[PDB]
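# Residue-level structural notes
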Amino acid sequence: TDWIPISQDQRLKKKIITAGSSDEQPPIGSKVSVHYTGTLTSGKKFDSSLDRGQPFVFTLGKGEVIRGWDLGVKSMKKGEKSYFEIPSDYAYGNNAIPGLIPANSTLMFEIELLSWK
Ligand SMILES: C=CC[C@@H]1/C=C(\C)C[C@H](C)C[C@H](OC)[C@H]2O[C@@](O)(C(=O)C(=O)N3CCCC[C@H]3C(=O)O[C@H](/C(C)=C/[C@@H]3CC[C@@H](O)[C@H](OC)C3)[C@H](C)[C@@H](O)CC1=O)[C@H](C)C[C@@H]2OC
């Protein structure tokens, strides 16, 4: 599978690992449920929703997650599992997460869109 650009500058992109069960996409304002695993561009894992044994839930389009996630999940179909490359300016930018993510880090995310309400 190939990288598919999500943004106009083609820097936010995804790889479809598993195609969705239908062509439904979540509307703005949906409470979306996902599985995810985050890694650095070295492959090292820094977090995964599986580590807490339940899906991760956030409201789409509200801006409570990093820009790459709002734009990325909005492009996904129900049931789709994709692999995202999120540049720093689509994530935490020049900020660092203590002990986990250095400043100006590209983030790799494996996201599976389970459902939404
Ligand atoms: C009350 C506070 C704690 C509250 C924590 C939770 C509900 C639990 C939830 C599973 C987060 C994880 O906690 C185990 C943990 O997930 C990471 O490890 C991670 O994988 C990540 O990157 N995620 C989480 C999954 C969605 C994308 C992204 C995100 O957008 O996360 C959001 C994020 C950090 C946004 C910042 C907010 C500040 C802005 O300035 C910045 O803008 C540049 C963007 C998270 C969801 C926030 O909305 C909510 C919180 O912070 C972060 C690396 C650090 C984060 O712990 C803090």
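As stated in the entry header, the method of structure determination is X-ray crystallography and the reported resolution is 2.0500 Å.

By the naming in the PDB entry, the protein chain goes by Peptidylprolyl isomerase and is assigned to Naegleria fowleri. Under the UniProt heading Catalytic activity (unreviewed entry), the entry covering the protein chain gives this text: "[protein]-peptidylproline (omega=180) = [protein]-peptidylproline (omega=0)".

## Things to note about the site of the ligand
Around the ligand there are 13 residues in total, and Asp47, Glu64, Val65, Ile66 and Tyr92 lie nearest to it. In the model, an oxygen atom of the ligand is placed 2.9 Å from a nitrogen or oxygen of the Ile66 main chain. Computed on the free molecule, the ligand has an accessible area of 950 Å², of which 51% lies beneath the protein chains in the complex. Partitioning the shell around the ligand into residue classes produces 10 nonpolar, no polar and 3 charged.

## Observations concerning the nonpolar core
Counting 23 residues, the largest nonpolar core has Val32, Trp69, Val73, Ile86, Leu107, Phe109 and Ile111 as the members making the most contacts within it. Looking at this core, the elements with two or more residues in it are β3 (31-40), α1 (67-74), β6 (81-86) and β7 (107-116). For this core, the leading source of residues is β7, giving 5 residues. With residues up to four places along the chain from it excluded, the contact list for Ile111 reads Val34, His35, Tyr36, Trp69, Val73, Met76, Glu80, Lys81, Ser82 and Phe84.

Rules of the game
Residues numbered from 1 in each chain as written, not as in the entry; some residues may be left out. Heavy atoms only, no water. Residues with missing side-chain atoms left out of burial classes, pairs and counts. UniProt positions renumbered as here; feature names shortened; annotations may be inferred. Near = heavy atom within 4 Å. Polar contact = N/O pair within 3.5 Å; in protein donor to acceptor, adjacent residues only side chain to side chain. Areas by Shrake-Rupley, 256 points an atom, 1.4 Å probe, with all protein chains shown as cover. Nonpolar A, V, L, I, M, F, W, Y, C, P; charged D, E, K, R; others polar. Core = buried A, V, L, I, M, F, W, Y, C linked by side-chain atoms within 4.5 Å. Buried < 20%, exposed > 50% of the residue type's maximum accessible area, 1.4 Å probe, protein only. Helix = DSSP H or I, 4+ residues; strand = E, 2+ residues; numbered from the N terminus. Contact = heavy atoms within 4.5 Å.

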